[PDB]
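> Make a model of this:
(chains A and B, ligands or ions: 2)
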Amino acid sequence: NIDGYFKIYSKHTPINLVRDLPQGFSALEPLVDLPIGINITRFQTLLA
Amino acid sequence: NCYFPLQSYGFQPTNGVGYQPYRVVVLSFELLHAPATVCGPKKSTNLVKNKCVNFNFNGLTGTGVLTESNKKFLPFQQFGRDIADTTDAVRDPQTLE
Ligand SMILES: *[C@@H]1O[C@H](CO)[C@@H](O[C@@H]2O[C@H](CO)[C@@H](O)[C@H](O)[C@H]2NC(C)=O)[C@H](O)[C@H]1NC(C)=O
Ligand SMILES: *[C@@H]1O[C@H](CO)[C@@H](O)[C@H](O)[C@H]1NC(C)=O
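Numbers count the residues shown, from 1 in each chain, chains lettered A, B, ... in the order given. Ligands and ions are numbered 1, 2, ... in the order given. Let me share the structure:
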């Protein structure tokens, strides 16, 4: 969240893993950038 | 000396020009302290190739000979930079090449 622009980068890859983050290399492409102008200090994830 | 605070306009089409109803839109805007989510329209014009020109792509101003490139840029990229960190290529933003 830089100068009020909220930037998101992301990647999807298919995997086959039990219980850890995989030892690999990937770059996140930018998908969206939203000029929201708000201060951010905390976050929380939303689960089903 | 109790008065109801509101009254309604007697807007009749026979009213003298002035006692006639005249609509208003205040384009109010509060300006220039935060990132920009609205702008006036930025015009654009047809593409020339193999000629020397003063270019501008998406606000990238410069001067040069434009040519059809064989470079393939992934969809999130727009400017090409050389070993020198300098712009050597650009995506046309209307007819993506
Ligand atoms: C901007 O609009 C033009 C059409 O007005 C789009 O370009 C067209 O693309 C198709 C497929 O290549 C061509 O058959 C048409 O001749 C093109 N139109 C013109 C006038 O050259 C273009 O896709 C639009 N911009 C974006 C980003 O999609
Ligand atoms: C963010 O914090 C700064 C400094 O405390 C303040 O001036 C600004 O108004 C705040 N912005 C928002 C959107 O709350």
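
> Enumerate the residues of chain A near chain B.
Neighbours of chain B within chain A, by CB under 8 Å from any CB of the partner chain: A:3, A:4, A:5, A:29, A:30, A:31, A:35, A:36, A:37. The C-beta positions use only the backbone N, C-alpha and C, and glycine is treated the same way.

> Take those residues and keep only those in strands.
Of the residues of chain A next to chain B, the ones assigned to strands by DSSP state E are A:29, A:30, A:31.

> Among these, name the buried ones.
With neighbours counted using 16 or more other CB atoms under 10 Å in any protein chain shown, these contain no buried positions.

> Please tabulate the residues you listed in a markdown table, including the columns distance to residue A:47.
Shown next, in a markdown table, are those (distance: CB to CB, whole Å):
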| residue | distance to residue A:47 |
| --- | --- |
| A:29 | 25 |
| A:30 | 25 |
| A:31 | 21 |
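
> Show me which of those residues is closest to residue B:87.
For those, the closest approach to residue B:87 (CB to CB) belongs to residue A:30, at 19.0 Å.

> Pairing partners for the residue lying closest to residue B:75 once chain neighbours are set aside in the sheet, please.
Closest residue to residue B:75 apart from its sequence neighbours, by CB to CB, 6 or more residues apart in numbering or on different chains: residue A:29 at 7.9 Å. Note on residue A:29: beta-bridge partners by DSSP bridges are residue A:10.

> Mind telling me what element the residue in chain A sticking out farthest from the centre is part of?
Most distant residue from the mean C-alpha position of chain A: residue A:18, 21.8 Å away (CA atoms, centre = their mean). Here residue A:18 is covered by no helix or strand, with elements defined by DSSP states H and E.

> Could you do residue B:43 as well?
With DSSP H and E as the test, residue B:43 turns up in no helix or strand.

> That one: neighbour count?
5 (other CB atoms under 10 Å in any protein chain shown).

> For residue B:73, see how far away it is.
25 Å (CB to CB, to the nearest Å).

> same check, this time on residue A:9
From residue A:9 to residue B:73 the distance is 17 Å (CB to CB).

> and those two? which has more neighbours close in?
Ranked by neighbour count (other CB under 10 Å), residue A:9 and residue B:73 place residue B:73 first, with 15 against 12.
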